[PDB]
Amino acid sequence: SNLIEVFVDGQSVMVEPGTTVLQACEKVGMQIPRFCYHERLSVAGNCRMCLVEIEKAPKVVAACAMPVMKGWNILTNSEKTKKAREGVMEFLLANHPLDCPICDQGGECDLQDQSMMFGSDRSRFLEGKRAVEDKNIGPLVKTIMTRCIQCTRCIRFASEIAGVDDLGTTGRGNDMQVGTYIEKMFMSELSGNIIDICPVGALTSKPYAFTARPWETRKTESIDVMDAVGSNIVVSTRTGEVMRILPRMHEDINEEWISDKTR
Amino acid sequence: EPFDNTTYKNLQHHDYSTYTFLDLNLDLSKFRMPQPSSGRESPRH
Amino acid sequence: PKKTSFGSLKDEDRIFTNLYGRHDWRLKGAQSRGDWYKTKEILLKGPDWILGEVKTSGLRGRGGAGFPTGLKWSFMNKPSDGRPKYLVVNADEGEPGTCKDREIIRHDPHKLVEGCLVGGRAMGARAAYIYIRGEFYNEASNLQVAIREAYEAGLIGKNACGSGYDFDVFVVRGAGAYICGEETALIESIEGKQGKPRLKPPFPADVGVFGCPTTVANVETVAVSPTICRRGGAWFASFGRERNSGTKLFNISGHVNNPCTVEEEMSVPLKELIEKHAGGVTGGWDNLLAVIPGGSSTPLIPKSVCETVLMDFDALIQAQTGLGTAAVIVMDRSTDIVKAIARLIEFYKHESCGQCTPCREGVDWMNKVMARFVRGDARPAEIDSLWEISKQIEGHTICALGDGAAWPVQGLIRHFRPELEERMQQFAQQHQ
Amino acid sequence: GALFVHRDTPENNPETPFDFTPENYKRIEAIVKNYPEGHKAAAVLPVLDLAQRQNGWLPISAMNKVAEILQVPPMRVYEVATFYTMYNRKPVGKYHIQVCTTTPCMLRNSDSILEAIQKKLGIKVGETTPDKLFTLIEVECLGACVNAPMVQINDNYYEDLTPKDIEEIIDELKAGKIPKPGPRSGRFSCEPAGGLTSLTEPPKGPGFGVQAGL
Ligand SMILES: Cc1cc2nc3c(=O)[nH]c(=O)nc-3n(C[C@H](O)[C@H](O)[C@H](O)COP(=O)(O)O)c2cc1C
Ligand code: SF4
Ligand code: SF4
Ligand code: SF4
Ligand code: FES
Ligand code: FES
Ligand SMILES: [K+]
């Protein structure tokens with residue numbers, strides 16, 4: 001009825017009007033690269049890692065923000081698409097610090113993983129790097145903000161999910177910095193979820209700091225009992241010890257967040 | 001009335017001060033039409 | 001009688017008859033010069049007639065991109081939904097080398113205030129916000145005085161110009177940001193947020209300022225609309241080449257004898273413009289190194305191209321550049337072209353909003369590279385690296401500021417590559 | 001010095017006193033009414049600029065005042081203050097001198113203007129004179145490119161400068177007079193220095209060229 005037909009790599013898919021080019025690719029099984037897009041946050045379109053070619057169109061479109069149109073053929077593996085990804089990944093890593101050994105995100109980092117899969121294998125950056133000062137937003141979330149990639153997921157989450165307008169960007173240009181501006185704490189019953197949505201090690205768990213690595217944890221899918229909601233969780237263990245608690249997506253209960261008492 | 005094209009007639013702005021712009025906006029308010037309303041006092045309302 | 005040589009505009013056909021501030025900018029004189037004349041009769045013919053007049057004139061946007069104004073204004077001309085409609089007048093005026101809008105606002109303020117009313121009536125808007133940069137304080141106050149004079153005379157407000165159409169003109173001032181000249185980033189600044197451009201879609205004629213249908217138009221594009229409706233759509237198209245019609249304001253600056261603002265016909269040869277109105281290049285036409293034909297964003301062109309280049313949208317596109325704002329920047333052979341363009345990259349680095357990755361990181365990167373080329377502290381291989389770094393910024397950003405930082409670099413590499421490499425040898429020899 | 005995080009000081013803390021004067025509260029009322037009902041956040045920029053014209057700079061307490069009256073979250077007012085360069089977040093001198101050194105002003109020797117001012121006032125770019133009268137900084141294009149080189153002191157442009165025209169401007173400001181803005185050469189605005197090449201005839205009057213039925 002109201003469905004429109006679009007093609008993903010020449011393959012027909014029927015989508016509701018208003019579907020984004022990124023969501024059309026989901027239905028054929030293709031996951032577009034992303035950093036700023038989150039399905040449970042508002043669309044931003046600032047990282048530019050989802051840029052994709054549309055056949056017979058000269059300029060690439062941001063897949064996360066662009067609605068599809070009837071008859072569009074999305075080329076996700078095209079030469080124009082792949083070169084867009086290498087360029088953007090090249091910019092994202094230009095000022096990123098060489099911290100992977102000392103960074104808790106190492107081994108479960110979307111910057112590391114998407115660099116391996118869609119980025120170049122080497123650097124041609126021959127300049128100095130940006131160093132940003134760190135900000136104390138409380139006892140539960142550690143900030144190494146030199147690692148931030150300015151996706152504003154923390155900002156959009158804190159505004160829209162947690163109903164707290166304390167995070168924002170200050171300055172502009174290469175010196176635009178995420179934070180609170182003043183010395184303030186982002187203490188909320190849901191504050192600890194910015195750790196998960198931060199795709200990099202800019203925001204990490206202080207209690208969990210330095211203890212383990214992602215590859216060595218055993219995952220046990222269990223239930224939270226700190227309240228009567230019944231949040232689905234993952235218990236990470238290593239050598240018979242509980243290391244941390246993570247949310248497990250359950251749409252009809254906790255979605256993909258947990259409270260800080262659970263975490 | 002003479003077409004004297006030899007003087008700069010934009011000399012008024014040399015007397016403006018700190019609140020010239022916002023004072024004019026205050027006088028202009030009596031003329032504006034009623035503003036439209038979205039319906040709520042703010043998006044947070 | 002298709003005209004073949006364009007230029008030599010006569011003062012009868014000029015629009016900004018008070019461009020130089022030698023008459024009375026207040027309402028009394030402006031009415032003596034033909035402003036606010038039969039504005040009622042214009043507004044009673046309706047939104048269709050006015051738009052057709054603009055479409056016929058071949059008027060294209062005077063703010064940089066250069067889009068056909070009549071077609072652009074026609075998107076607003078649609079049935080309402082319940083939301084107000086607005087006209088945003090882009091008086092940010094921040095493109096380096098560009099200062100045409102400054103003169104309109106302070107010396108022909110009533111040409112703008114009428115264009116807001118005529119343009120607003122064409123699109124069906126209820127009011128016009130005029131965004132003006134916060135540095136232009138004296139110009140903003142002159143504009144406020146003119147808007148008061150028009151209000152007291154019944155020309156704008158309830159039953160404007162004795163027509164039954166209600167219209168307000170608001171003047172809002174910025175706070176320092178070249179990026180607020182970008183049409184969506186302007187809208188965001190009027191809403192009280194950081195001037196960060198929006199992605200499109202949705203287009204402003206769907207969801208604009210306050211979430212309402214909106215057209216953003218340049219000061220010069222709006223300030224000539226009442227005249228095109230008066231003297232006619234066909235009269236305007238009789239100037240300039242086909243598809244590049246009208247008379248244009250020109251800023252000549254740099255290494256000319258007499259830097260000046262002037263109005264001249266479109267398609268005027270660039271050599272004629274510099275010699276005739278600006279007094280020619282400092283030291284004669286043989287001292288000319290390169291010319292930036294329309295503000296910082298446009299690529300430079302070398303002296304060989306300047307000989308026979310016509311100043312219109314299509315001619316300058318052939319030369320791998322653009323008319324842009326028509327801000328002509330002149331550099332003579334004493335100029336350091338590398339240092340000249342490196343300072344533009346330092347400007348774009350300072351004006352990027354920081355929102356999106358290719359410009360937040362890419363423009364700052366190109367700035368660091370262009371700084372070393374100035375001292376020669378590089379290798380010839382980095383030049384093709386800098387070329388590819390720019391091509392990754394271009395077309396991959398949210399707004400066109402990212403484009404505007406790549407094009408200056410590409411122009412320097414395109415026409416002065418030997419100059420870049422030559423400096424690298426000297427640095428190597430000294431440090432050997 | 002271009003820091004975008006606030007650290008409380010005895011002179012700039014949340015309890016530092018700031019309140020709009022009763023006259024400036026009326027001006028805000030007209031500012032706010034320019035925008036649709038339900039979109040008061042549109043007034044953040046003008047109200048902050050008003051807070052800066054009353055105080056001369058924006059202390060953190062002034063920002064919280066703007067957030068309160070407009071009912072905007074304080075962070076969203078901190079973002080605007082840092083984003084726009086006209087807002088001063090440290091004390092600036094009575095006369096804030098801004099020299100455009102972008103390319104079109106650089107090609108007409110704006111460095112001579114910058115060197116002339118630095119030597120006269122005995123400061124370097126970004127500093128404030130010991131007695132607090134002057135603050136020198138560079139800036140980007142100020143939309144006065146044909147009249148380059150040019151500087152803005154407070155809200156006034158002084159254009160077509162020469163390294164002695166500016167040193168006269170500064171002498172007057174020290175004395176207490178405020179010199180008249182505009183070009184300091186023999187032209188009044190942007191016209192060609194050689195007495196006009198256009199618009200020399202008398203302007204035509206109403207009804208010239210009007211089409212058939214207009
Ligand atoms: C960085 C940047 C700065 C801009 N500055 C201006 C400006 O100062 N004035 C202007 O009219 N358009 C400016 N533009 C272009 C506007 O986005 C838009 O194209 C224009 O206002 C539309 O009006 P027009 O159709 O009359 O050209 C700028 C664009 C960019 C990317
Ligand atoms: S955020 Fe990712 S890429 Fe950056 S240092 Fe940490 S693990 Fe490495
Ligand atoms: S702190 Fe993390 S989530 Fe927030 S903008 Fe930076 S990278 Fe994105
Ligand atoms: S291209 Fe530059 S100015 Fe435009 S949105 Fe991206 S970062 Fe901001
Ligand atoms: S995921 Fe689309 S631009 Fe960030
Ligand atoms: S370059 Fe200095 S005013 Fe434009
Ligand atoms: K994280």
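Residue numbers start from 1 in every chain, and the chains themselves are labelled A, B, ... in the order their sequence lines are given, proteins ahead of strands. Both ligands and their constituent atoms are indexed starting at 1 by order of listing.
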Could you list which atoms of ligand 3 come closer than 4.0 Å to a heavy atom of [X]?
| X | answer |
| --- | --- |
| A:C148 | 1 (S), 5 (S), 6 (Fe), 7 (S) |
| A:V178 | 5 (S) |
| A:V200 | 7 (S) |

For ligand 2, which atoms sit closer than 4.0 Å to a heavy atom of [X]?
| X | value |
| --- | --- |
| A:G106 | 7 (S) |
| A:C109 | 1 (S), 2 (Fe), 3 (S), 7 (S) |
| A:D99 | 5 (S) |
| A:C100 | 3 (S), 5 (S), 7 (S), 8 (Fe) |
| A:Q105 | 7 (S) |

I need the minimum non-hydrogen distance between [X] and [Y], along with the two atoms involved.
| X | Y | value |
| --- | --- | --- |
| D:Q52 | D:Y87 | OE1-CA, 3.2 Å |
| A:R263 | A:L246 | NH1-CD2, 4.0 Å |
| C:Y131 | C:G174 | OH-CA, 3.2 Å |
| C:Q355 | A:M176 | N-SD, 4.4 Å |

To check your reading of the model: name the closest protein heavy atom to [atom], its residue, and the distance in Å.
| atom | value |
| --- | --- |
| atom 7 (S) of ligand 3 | A:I149 N, 3.3 Å |
| atom 4 (Fe) of ligand 3 | A:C154 SG, 2.3 Å |
| atom 3 (S) of ligand 2 | A:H96 NE2, 3.5 Å |
| atom 1 (S) of ligand 2 | A:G201 N, 3.2 Å |
| atom 2 (Fe) of ligand 3 | A:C198 SG, 2.3 Å |

| A:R213 atom CZ, neighbour heavy-atom count above 12 within 6.0 Å |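 For A:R213, atom CZ is crowded (more than 12 foreign heavy atoms under 6.0 Å).
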[X] side chain to [Y] main-chain N or O, any donor-acceptor pair under 3.5 Å?
| X | Y | result |
| --- | --- | --- |
| A:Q105 | A:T204 | no |
| C:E188 | C:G195 | no |
| A:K82 | A:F118 | no |

| task | Apply salt bridge (charged side-chain N to carboxylate O under 4.0 Å, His left out) to A:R244 and A:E108, showing your working. | result | CA-CA 14 Å; A:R244 59 173 179 183; A:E108 58 186 354; 3.1 Å; yes
| query | Mind checking whether A:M145 has a heavy atom under 4.0 Å from ligand 3? | reply |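 Heavy atoms of A:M145 do come under 4.0 Å of ligand 3.
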| task | Mind checking whether A:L111 contacts ligand 2 via backbone (N, CA, C, O), side chain (CB onward), both or neither, at a 4.0 Å heavy-atom cut-off? | result |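 Only the side chain of A:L111 comes within reach of ligand 2.
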| field | A:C103, portion touching ligand 2 at heavy-atom distance under 4.0 Å | value |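 The answer is the side chain.
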| said: Quick test of your reading of the structure: of A:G179, A:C151, A:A202, whose heavy atom lies closest to atom 8 (Fe) of ligand 3? | reply: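 Minimum heavy-atom distance to atom 8 (Fe) of ligand 3 goes to A:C151.
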| request: Mind checking whether A:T152 contacts ligand 3 via backbone (N, CA, C, O), side chain (CB onward), both or neither, at a 4.0 Å heavy-atom cut-off? | output: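 A:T152 to ligand 3: backbone contact only, side chain stays beyond 4.0 Å.
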| message | Does the plane of the ring in A:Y181 sit parallel, tilted or perpendicular to the ring in D:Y78? Use 30° and 60° as the thresholds. | response |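 The rings of A:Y181 and D:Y78 sit tilted, inter-plane angle from 30° to 60°.
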| message | Tell me whether C:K349 is salt-bridged to C:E346, with the criterion being a basic N under 4.0 Å from an acidic carboxylate O. | response |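 No, this pair does not count.
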